[PDB]
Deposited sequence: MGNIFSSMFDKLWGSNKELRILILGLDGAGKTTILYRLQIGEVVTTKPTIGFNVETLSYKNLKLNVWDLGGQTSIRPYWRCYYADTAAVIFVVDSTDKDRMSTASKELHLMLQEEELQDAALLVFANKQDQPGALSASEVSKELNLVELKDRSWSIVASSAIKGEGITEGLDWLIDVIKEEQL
């Protein structure tokens, strides 16, 4: 998993530890992506009640993953947050609506004013999974303005799309830090 680490090494130098949030409705495959990286160490914690955050800590970076569906206990992480990776299950046209909501509430927070966005149209390997562009529409990512965003089709399970996406993200984050 060192290619991933080499990629994240490009964020070394930031004058403050950087934070990335992997979010989305449960089942979207966030955890999978997190474990996909195979770098640093991951530890689960329950800061508040009925709330569990999985945190991957890698030399100067923090990756936090928790399910959506906006209790203020979270506002705690938006401070140093550099970007959010929004994982969407492409084979769930139902909750697709809910997600779009949860995503905008999130992206509507003041501290995430500059966070870059990477959306993962995940589970593309599954039968009946909306295309990437189909999700960019269902989330109105088009309507989003004054913000670095991008969507990518993915099969976290087979690790398809993950690297291509993170690659993009990291560069944006790095740039923005400059």
Practice item. Show which contiguous pieces of the deposited sequence have no C-alpha coordinates, counting from residue 1. Key: 1, 71-74
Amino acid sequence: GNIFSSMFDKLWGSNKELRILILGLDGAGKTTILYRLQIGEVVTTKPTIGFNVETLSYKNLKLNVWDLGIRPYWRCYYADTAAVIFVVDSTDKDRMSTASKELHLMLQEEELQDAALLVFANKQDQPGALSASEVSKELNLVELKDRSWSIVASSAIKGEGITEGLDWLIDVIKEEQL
From here on, numbers count along this sequence of modelled residues.
Exercise for review: Could you check which stretch, 135-143 or 57-65, carries the larger mean CA temperature factor in the entry?
Suggested key: 135-143
Check your understanding: Of the two stretches 77-85 and 99-107, which shows the higher Cα B-factor on average in the entry?
Key -> 99-107
Review point. Going by the deposited entry, which of 123, 46, 36, 30 has the highest CA temperature factor?
Key: 46
Exercise for review: Please place residue 115 in the lowest, middle or highest third of its chain by C-alpha B factor as given in the entry.
Suggested key: middle
**Study point:** Among modelled residues of the same chain, the CA temperature factor third for residue 70
**Key:** highest
